[PDB]
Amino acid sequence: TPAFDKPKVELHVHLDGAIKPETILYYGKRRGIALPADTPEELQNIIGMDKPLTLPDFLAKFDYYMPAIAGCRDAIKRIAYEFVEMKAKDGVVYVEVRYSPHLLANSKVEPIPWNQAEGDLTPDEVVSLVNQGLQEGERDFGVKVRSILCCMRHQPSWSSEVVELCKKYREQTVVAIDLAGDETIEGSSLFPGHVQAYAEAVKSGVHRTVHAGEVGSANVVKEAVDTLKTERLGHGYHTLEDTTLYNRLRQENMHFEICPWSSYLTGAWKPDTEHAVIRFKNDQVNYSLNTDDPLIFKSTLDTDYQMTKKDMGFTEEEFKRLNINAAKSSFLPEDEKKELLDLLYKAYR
C-alpha cells in the first residue's frame, strides 16, 4: 500500500497527540481516572474523529485522555519512547516532535491543567523525562528524533519558561520553540509575553516555528514572520489571501509544514475548493507532509501520502522533492542536516 515506501522526514507532529490508546487505558486504569470505555478499540473511536468538528468539540478529546498521562513521571517517559517506535513504523528516518511541557505537568504551573490536584511534577523535569524516552527510542528504534517545545497562545505567562527550557535543554534533543494553539484569539501573536520570548530565542540562537494561517487570517502569518521572526510556518494556508506576502515567501523560500489530513478534520480546508497543497505543488513551494495528531485524527503518515496521492495527483517525484525540502529546512546543526541529506539522496536513487 504505502504510497511512498521510501524514507520520510516529518517536522510537525504533536507528542500529546500521538499516544496509543492502550497506554492511556493502562495509566487511567492504574491511576484511577476512568476513561469513557475499557477496551483499546472503543476509546479510539470516540477520542478520535472522522468528520470536521468544532474547537470545543475538538478540545474535549484531550479531556478524555490527558488526565491519565499528565502528572505521572512514568507515563510521560513512556509516550516519548512509544512515539519513536510508532514513527519507525511510518518509515520516518528523521522526526521533530512538539509538545507543551506545562500541559503535561501538575506543579510549578498555574493554572494546573486538565483538572488535577497539585503534585511535584514540574515542567522542567517533564521535558527531561521526555528527553530520556526520546533518546532511548532513538537508539532502540533507529529513528533520529529532536524536540520542539510549544508556547501556548492563551498563556503568554509560560512563554518565558519555554525559551529557558529550550536553551537549557539545547543539545539534549530540543531544537526550537513553537506557538499554539487557537490562533484566533485577538492579537495573541503580539502578546508581549510571546514576542519577547521569541526575541530571547533569536538572541540565544534557538530555532523558531509558529502555528499560523491554519484557521486564522493572513495577518497572523504576517506578525509571525515580521514580529516573531519565525523560520518556519505551521500550516500557513491562509497566506494565499495576500498575494504579496505569498510571493515574498516563495522568494525567501520559507518552509510551510502542511498537514493535509489535519486540515480537513479541523475545518481549515473545505472540500469543495483547492487544497492549499496543490498550489504549493504546482508552485514549487518549500513545504512538508506531516501528521499533526495521529491519535485524534485516527491516522498515520501514510494516511496523508495516501490522500495526496489519491485525491490530488501527487506522484513520487514530488514526494521525494518534498522530503528533501523537509530535510533542508530542519532545525538540525549544519553537519547533521548534511549527513541526513546524504542518506536520502542515495535512498532515493
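Quick note: we count residues from 1 along the sequence shown, nothing fancier. Rigid core: the largest C-alpha set superposing within 1.5 Å between the two forms.
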| property | result |
| --- | --- |
| Comparing 31 to 39 and 290 to 298 where Cα RMS over structures and residues is taken in 7 other deposited structures of this protein (core fit), larger one | 31 to 39 |
| Average Cα temperature factor in the PDB entry - higher stretch of 207 to 215, 246 to 254 | 246 to 254 |
| Which of 259 to 267 and 103 to 111 has higher mean CA B factor, as the PDB entry lists it | 103 to 111 |
| Candidate set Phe58, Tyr305, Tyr26, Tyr287 [ranked by C-alpha B-factor, highest] | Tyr26 |
| Candidate residues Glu164, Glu274, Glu231, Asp182, the one whose C-alpha B factor the record puts highest | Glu274 |
| Chain third (lowest, middle, highest) by recorded CA B-factor, residue given as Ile324 | middle |
| Ranked against its chain, the third holding the CA B-factor of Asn45 | highest |
| Chain third (lowest, middle, highest) by recorded CA B-factor, residue given as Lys168 | middle |
| Third of chain Cα B-factors occupied by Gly133 | highest |
| Among modelled residues of the same chain, the CA temperature factor third for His238 | lowest |
